[PDB]
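J.: Next comes data.cif, mmCIF, C-alpha atoms and all ligand atoms:
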data_work
#
loop_
_atom_site.label_atom_id
_atom_site.label_comp_id
_atom_site.auth_asym_id
_atom_site.auth_seq_id
_atom_site.Cartn_x
_atom_site.Cartn_y
_atom_site.Cartn_z
CA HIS A 7 1.86 20.60 -12.21
CA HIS A 8 4.99 21.47 -10.27
CA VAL A 9 7.56 18.83 -10.68
CA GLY A 10 9.42 18.77 -7.49
CA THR A 11 12.82 20.39 -7.08
CA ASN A 12 14.58 16.99 -6.56
CA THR A 13 13.22 15.65 -9.85
CA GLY A 14 16.08 13.91 -11.79
CA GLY A 15 18.09 13.13 -8.73
CA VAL A 16 18.60 9.61 -7.39
CA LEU A 17 19.11 8.95 -3.76
CA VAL A 18 20.83 5.67 -3.09
CA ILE A 19 20.23 4.45 0.41
CA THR A 20 21.69 1.65 2.42
CA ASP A 21 19.34 1.69 5.43
CA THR A 22 15.64 2.24 6.09
CA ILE A 23 14.61 5.88 6.31
CA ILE A 24 12.84 6.55 9.64
CA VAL A 25 10.24 9.31 9.70
CA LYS A 26 9.33 10.33 13.23
CA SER A 27 5.92 11.10 14.68
CA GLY A 28 4.81 14.66 13.54
CA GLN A 29 7.36 14.80 10.72
CA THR A 30 6.64 14.87 7.01
CA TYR A 31 9.34 13.45 4.70
CA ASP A 32 8.93 15.38 1.44
CA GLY A 33 11.04 13.93 -1.34
CA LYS A 34 10.25 16.73 -3.73
CA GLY A 35 10.24 14.23 -6.57
CA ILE A 36 13.43 12.34 -5.69
CA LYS A 37 13.82 8.73 -6.88
CA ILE A 38 15.10 6.34 -4.26
CA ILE A 39 17.12 3.21 -4.92
CA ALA A 40 17.80 0.93 -1.99
CA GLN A 41 20.88 -1.19 -1.89
CA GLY A 42 21.67 -4.08 0.47
CA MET A 43 18.05 -4.06 1.72
CA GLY A 44 16.47 -6.71 -0.48
CA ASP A 45 16.03 -7.71 -4.11
CA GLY A 46 12.29 -7.06 -4.37
CA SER A 47 11.58 -10.79 -4.59
CA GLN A 48 8.95 -12.60 -2.51
CA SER A 49 11.44 -13.39 0.29
CA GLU A 50 10.03 -12.18 3.60
CA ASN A 51 13.26 -10.98 5.09
CA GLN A 52 13.72 -7.66 3.26
CA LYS A 53 13.98 -4.28 4.87
CA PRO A 54 11.44 -1.47 4.44
CA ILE A 55 12.53 1.55 2.42
CA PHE A 56 10.71 3.81 4.90
CA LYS A 57 9.48 3.31 8.46
CA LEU A 58 6.69 5.81 9.24
CA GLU A 59 6.26 6.00 13.02
CA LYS A 60 2.83 6.85 14.40
CA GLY A 61 1.82 10.23 13.14
CA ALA A 62 4.53 10.46 10.45
CA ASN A 63 3.78 11.40 6.85
CA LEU A 64 5.51 10.80 3.49
CA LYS A 65 5.10 12.54 0.22
CA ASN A 66 6.51 12.99 -3.27
CA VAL A 67 8.92 10.12 -3.67
CA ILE A 68 9.51 7.64 -6.43
CA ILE A 69 10.62 4.23 -5.17
CA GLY A 70 12.68 2.46 -7.79
CA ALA A 71 13.43 -1.20 -8.03
CA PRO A 72 14.29 -2.99 -5.86
CA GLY A 73 11.22 -2.26 -3.84
CA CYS A 74 12.41 -4.34 -0.89
CA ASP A 75 9.70 -4.35 1.82
CA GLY A 76 8.25 -1.01 0.83
CA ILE A 77 6.78 1.40 3.38
CA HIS A 78 6.03 0.23 6.99
CA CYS A 79 3.29 2.35 8.60
CA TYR A 80 2.73 2.38 12.37
CA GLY A 81 -0.58 4.24 12.16
CA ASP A 82 -2.00 7.69 11.64
CA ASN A 83 -0.01 8.24 8.43
CA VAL A 84 -0.59 10.07 5.19
CA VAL A 85 1.32 8.72 2.18
CA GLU A 86 0.88 11.15 -0.68
CA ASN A 87 1.92 11.03 -4.31
CA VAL A 88 4.27 8.00 -3.73
CA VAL A 89 5.12 6.04 -6.89
CA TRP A 90 6.22 2.45 -6.69
CA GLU A 91 7.94 1.80 -10.04
CA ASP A 92 8.34 -1.82 -9.17
CA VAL A 93 6.73 -3.13 -6.02
CA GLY A 94 8.96 -5.39 -4.00
CA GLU A 95 7.68 -8.07 -1.60
CA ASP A 96 4.78 -5.67 -0.94
CA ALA A 97 4.41 -1.88 -1.35
CA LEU A 98 3.12 -0.76 2.04
CA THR A 99 2.29 -2.54 5.28
CA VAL A 100 0.15 -1.32 8.15
CA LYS A 101 2.02 -2.62 11.15
CA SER A 102 0.11 -1.05 14.04
CA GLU A 103 -3.35 0.41 14.62
CA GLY A 104 -4.48 3.73 13.29
CA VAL A 105 -5.72 5.50 10.14
CA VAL A 106 -3.53 5.20 7.05
CA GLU A 107 -4.22 7.08 3.89
CA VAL A 108 -2.53 6.52 0.51
CA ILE A 109 -3.48 9.51 -1.66
CA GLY A 110 -2.27 9.94 -5.24
CA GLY A 111 0.58 8.06 -6.81
CA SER A 112 0.69 4.60 -8.30
CA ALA A 113 2.13 1.15 -8.13
CA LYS A 114 3.31 -1.37 -10.76
CA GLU A 115 4.58 -4.95 -10.94
CA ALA A 116 3.49 -6.43 -7.59
CA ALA A 117 4.06 -10.19 -7.75
CA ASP A 118 1.70 -10.64 -4.77
CA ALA A 119 0.10 -7.93 -2.61
CA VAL A 120 0.40 -4.19 -2.92
CA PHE A 121 -0.97 -3.28 0.53
CA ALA A 122 -0.57 -5.61 3.56
CA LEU A 123 -2.80 -4.93 6.58
CA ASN A 124 -1.30 -6.59 9.62
CA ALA A 125 -3.10 -4.68 12.43
CA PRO A 126 -6.62 -3.32 12.96
CA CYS A 127 -6.89 -0.11 10.98
CA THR A 128 -8.80 2.21 8.79
CA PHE A 129 -7.11 2.11 5.38
CA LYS A 130 -7.95 4.46 2.61
CA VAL A 131 -6.67 4.42 -0.96
CA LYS A 132 -7.61 7.53 -2.94
CA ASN A 133 -6.82 8.76 -6.48
CA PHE A 134 -4.52 5.74 -7.09
CA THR A 135 -3.58 3.57 -10.08
CA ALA A 136 -2.08 0.09 -9.97
CA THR A 137 -1.12 -2.18 -12.83
CA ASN A 138 0.15 -5.82 -12.95
CA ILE A 139 -0.56 -6.87 -9.43
CA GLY A 140 -1.57 -10.01 -7.50
CA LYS A 141 -3.84 -8.25 -5.06
CA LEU A 142 -4.33 -4.61 -4.11
CA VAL A 143 -5.10 -5.27 -0.47
CA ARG A 144 -4.47 -8.34 1.75
CA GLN A 145 -5.42 -8.48 5.40
CA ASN A 146 -2.84 -10.75 6.94
CA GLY A 147 -3.91 -14.34 6.36
CA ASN A 148 -6.02 -16.09 8.96
CA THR A 149 -6.40 -13.06 11.12
CA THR A 150 -9.81 -12.00 12.38
CA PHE A 151 -9.27 -8.47 13.73
CA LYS A 152 -11.22 -5.73 11.99
CA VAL A 153 -9.97 -3.60 9.16
CA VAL A 154 -12.09 -1.10 7.23
CA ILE A 155 -10.83 -0.40 3.70
CA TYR A 156 -11.93 2.44 1.50
CA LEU A 157 -11.10 2.45 -2.24
CA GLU A 158 -12.01 5.86 -3.72
CA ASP A 159 -11.11 6.89 -7.30
CA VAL A 160 -8.97 3.79 -7.80
CA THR A 161 -8.06 2.27 -11.18
CA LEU A 162 -6.65 -1.19 -11.45
CA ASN A 163 -5.28 -3.06 -14.45
CA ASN A 164 -4.32 -6.75 -14.65
CA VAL A 165 -5.11 -8.17 -11.21
CA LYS A 166 -4.09 -11.78 -11.02
CA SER A 167 -5.69 -12.85 -7.80
CA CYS A 168 -8.21 -10.31 -6.60
CA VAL A 169 -8.70 -6.68 -5.62
CA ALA A 170 -8.84 -7.46 -1.92
CA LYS A 171 -8.70 -10.49 0.34
CA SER A 172 -9.43 -10.93 4.01
CA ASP A 173 -10.09 -13.92 6.27
CA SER A 174 -11.92 -11.80 8.83
CA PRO A 175 -15.77 -11.83 8.96
CA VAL A 176 -15.80 -8.46 10.74
CA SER A 177 -13.70 -6.59 8.23
CA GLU A 178 -15.36 -4.36 5.62
CA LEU A 179 -14.44 -2.87 2.27
CA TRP A 180 -16.14 0.20 0.88
CA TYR A 181 -15.60 1.51 -2.64
CA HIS A 182 -16.54 4.54 -4.68
CA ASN A 183 -15.43 5.14 -8.34
CA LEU A 184 -13.51 1.85 -8.61
CA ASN A 185 -12.48 0.84 -12.08
CA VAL A 186 -11.04 -2.66 -12.65
CA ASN A 187 -9.73 -4.03 -15.93
CA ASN A 188 -8.83 -7.81 -16.21
CA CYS A 189 -9.64 -9.37 -12.90
CA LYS A 190 -11.67 -12.60 -12.60
CA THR A 191 -12.64 -12.12 -8.92
CA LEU A 192 -12.94 -8.76 -7.20
CA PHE A 193 -13.22 -9.67 -3.54
CA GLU A 194 -12.22 -12.72 -1.51
CA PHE A 195 -13.85 -12.19 1.89
CA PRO A 196 -15.80 -14.71 4.04
CA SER A 197 -19.02 -13.16 2.76
CA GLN A 198 -19.73 -10.80 -0.12
CA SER A 199 -21.98 -8.78 2.17
CA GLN A 200 -18.79 -7.39 3.77
CA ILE A 201 -18.29 -5.34 0.57
CA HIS A 202 -20.17 -2.08 0.06
CA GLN A 203 -20.40 0.83 -2.34
CA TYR A 204 -20.80 4.40 -1.19
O1 LIG A 301 3.50 -8.57 6.06
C1 LIG A 301 3.84 -9.51 5.32
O2 LIG A 301 4.65 -9.41 4.36
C2 LIG A 301 3.17 -10.87 5.60
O3 LIG A 301 3.53 -11.77 4.56
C3 LIG A 301 3.08 -13.13 4.76
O4 LIG A 301 1.66 -13.33 4.67
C4 LIG A 301 1.05 -13.00 3.40
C5 LIG A 301 -0.43 -13.29 3.59
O5 LIG A 301 -0.92 -12.53 4.74
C6 LIG A 301 -0.60 -14.79 3.86
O6 LIG A 301 -1.99 -15.08 3.89
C7 LIG A 301 0.06 -15.65 2.77
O7 LIG A 301 -0.62 -15.40 1.52
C8 LIG A 301 -0.87 -16.53 0.67
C9 LIG A 301 0.38 -16.96 -0.06
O8 LIG A 301 1.43 -17.37 0.86
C10 LIG A 301 0.85 -15.82 -1.03
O9 LIG A 301 0.96 -14.51 -0.42
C11 LIG A 301 -0.16 -15.64 -2.08
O10 LIG A 301 -0.32 -16.86 -2.82
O11 LIG A 301 -1.34 -15.22 -1.38
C12 LIG A 301 -1.90 -16.12 -0.40
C13 LIG A 301 -3.04 -15.42 0.32
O12 LIG A 301 -3.17 -14.19 0.13
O13 LIG A 301 -3.72 -16.11 1.13
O14 LIG A 301 1.43 -15.26 2.66
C14 LIG A 301 1.48 -13.90 2.22
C15 LIG A 301 2.87 -13.59 1.62
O15 LIG A 301 3.17 -12.40 1.50
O16 LIG A 301 3.52 -14.56 1.21
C16 LIG A 301 3.49 -13.69 6.12
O17 LIG A 301 2.95 -15.01 6.32
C17 LIG A 301 3.08 -12.76 7.23
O18 LIG A 301 3.61 -13.28 8.47
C18 LIG A 301 3.63 -11.38 6.96
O19 LIG A 301 5.06 -11.36 7.02
CA CA A 302 4.24 -12.41 -0.73
CA CA A 303 4.66 -10.97 2.63
CA CA A 304 3.23 -16.76 2.08
CA CA A 305 6.22 -7.55 3.48
CA CA A 306 7.91 -6.47 -8.53
#
Translate the structure described by the file into structure tokens.

T.:
Amino acid sequence: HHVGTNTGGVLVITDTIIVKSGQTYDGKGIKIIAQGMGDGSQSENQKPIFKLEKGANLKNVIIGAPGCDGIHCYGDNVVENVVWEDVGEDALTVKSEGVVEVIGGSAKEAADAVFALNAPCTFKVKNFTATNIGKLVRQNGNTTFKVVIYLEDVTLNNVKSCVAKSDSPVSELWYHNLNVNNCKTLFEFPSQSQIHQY
């Protein structure tokens, strides 16, 4: 395991980091602490830590408290080995259509949702651990566009609400090697037949 060369450094930011289409932001293990961008509460007016334009990628960062409004993804993004030490309002939001992959990493202490899906998308979560969360995935409430979610090699502890929730009959969730400790209801979708194993 190669700890990254920025391991032990702390980058304190005062504005959202924009990653442009075709770019990969590689933190090399840096921890980021945002200031003046939110308190990580449930208030909806916080700034994202990162804005990933379409086709932008992010890897190898630790996001410290306050988690603010996390990572805004505009589609066709790979988010790799990102650690949310303390999720803010939410950890990552899909803001526009495309494929978004969260691969590796982990999240902790999400008062409400970890992942917010606010546009039609294909959303994959792979090799990921989350503990003390409300929900892992929430399609924006009362929307009926289609998302397809894949949960692959995902381990969840202490889920207060549910693993995933959608109000869309056309959305689907697919899982493979999903382990869930301490959750009363796995999936809150219009019908349970929207949920599949593979
Ligand atoms: O992108 C965002 O941050 C969106 O946050 C809000 O919406 C989410 C969710 O999509 C809503 O259904 C609603 O969720 C319910 C409740 O208010 C709370 O989140 C928790 O008890 O879960 C409920 C549920 O999942 O149905 O509000 C959510 C929230 O984050 O508070 C906004 O309403 C959206 O416009 C986005 O800004
Ligand atoms: Ca919330
Ligand atoms: Ca919200
Ligand atoms: Ca709300
Ligand atoms: Ca949010
Ligand atoms: Ca939190």

J.: Have a look at atom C13 of ligand LIG 301 (chain A) and atom CA of residue 135 of chain A and let me know their distance in Å, one decimal.

T.: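 The value is 21.7 Å.
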
J.: Could you jot down the atom CA of residue 176 of chain A to atom CA of residue 195 of chain A separation for me, Å, one decimal place?

T.: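 Between atom CA of residue 176 of chain A and atom CA of residue 195 of chain A the gap works out to 9.8 Å.
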
J.: Compile a residue-level contact table for chain A against ligand CA 302 (chain A) at a cut-off of 12 Å, reporting for every qualifying residue the shortest atom pair and its distance in Å to one decimal, with all atoms listed in the file counted, rows ordered by chain and ascending number, as a tab-separated table.

T.:
residue	atom	partner	partner_atom	distance
A:46	CA	A:CA302	CA	10.3
A:47	CA	A:CA302	CA	8.4
A:48	CA	A:CA302	CA	5.0
A:49	CA	A:CA302	CA	7.3
A:50	CA	A:CA302	CA	7.2
A:51	CA	A:CA302	CA	10.8
A:52	CA	A:CA302	CA	11.3
A:74	CA	A:CA302	CA	11.5
A:75	CA	A:CA302	CA	10.1
A:93	CA	A:CA302	CA	11.0
A:94	CA	A:CA302	CA	9.1
A:95	CA	A:CA302	CA	5.6
A:96	CA	A:CA302	CA	6.8
A:97	CA	A:CA302	CA	10.5
A:99	CA	A:CA302	CA	11.7
A:116	CA	A:CA302	CA	9.1
A:117	CA	A:CA302	CA	7.4
A:118	CA	A:CA302	CA	5.1
A:119	CA	A:CA302	CA	6.4
A:120	CA	A:CA302	CA	9.3
A:121	CA	A:CA302	CA	10.6
A:122	CA	A:CA302	CA	9.4
A:139	CA	A:CA302	CA	11.4
A:140	CA	A:CA302	CA	9.2
A:141	CA	A:CA302	CA	10.1
A:143	CA	A:CA302	CA	11.8
A:144	CA	A:CA302	CA	9.9
A:146	CA	A:CA302	CA	10.6
A:147	CA	A:CA302	CA	11.0

J.: Hey, which of A:90, A:193, A:134, A:181 ends up closest to ligand LIG 301 (chain A)? Count all atoms listed in the file.

T.: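 With all atoms listed in the file as the atom set, the closest residue is A:193.
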
J.: Neighbouring residues of residue 23 of chain A were defined as those with any atom within 9 Å, considering all atoms listed in the file; residues of the same chain fewer than 6 positions away were excluded. Please report them as a list in words.

T.: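 Neighbouring residues, sequence-local ones excluded: residues 54, 55, 56, 57 and 58 of chain A.
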
J.: So, counting only C-alpha atoms, which residue among A:165, A:105, A:160, A:88 is closest to residue 61 of chain A?

T.: A:105

J.: Which residues are near residue 18 of chain A? Cut-off 10 Å, all atoms listed in the file, ignore same chain within fewer than 6 positions. Put them as an NGL selection string.

T.: :A and (37-41 or 70)

J.: Residues within 10 Å of residue 129 of chain A, please, as a count of residues only. Count all atoms listed in the file; anything in the same chain fewer than 5 positions from it doesn't count.

T.: 18
